[PDB]
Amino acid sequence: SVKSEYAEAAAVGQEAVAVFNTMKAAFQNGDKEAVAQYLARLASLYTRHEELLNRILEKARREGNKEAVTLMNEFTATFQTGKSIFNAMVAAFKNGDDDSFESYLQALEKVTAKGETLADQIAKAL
């Protein structure tokens, strides 16, 4: 069901949460070889989450679940803000700009610790 597909997408999101926090620790410790691998892992995880979210949105639209569509449209937009910041963080790493990496990292935590409520609402709407 769309609801179980969202829980699957939810767990995939939690996987990025865990990998991000161990990446943050590695960055602080200066373990750039670890950071690089974690950033690659995160890119895969964020791509996967987005693909699952698109499928769920398309399914809610086919189902005519107007409230779920509204929430998912808002959530997908928020996801994209996160992704743009993530990609900027990756570029900061390639460039060796630790000051921008720190900024982008802290912005991305704010984007995710703000969209949490909406993510929980969607579970209850589908």
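All residue numbers are counted from 1 along the displayed sequence. In this text, rigid core is short for the largest set of C-alphas that superpose within 1.5 Å between two forms.
Structural divergence in 9 other deposited structures of this protein between 7 to 15 and 112 to 120: following superposition by the core, 112 to 120 has C-alpha atoms lying farther from the shown form. Stretch comparison (68 to 76 versus 95 to 103) by mean CA B-factor in the PDB entry places 95 to 103 on top.
Highest C-alpha temperature factor among 44, 54, 29, 37, as the PDB entry reports it: 29.
Residue-level inspection of the entry shows that, of 111, 16, 23, 10, 111 has the top Cα B-factor.
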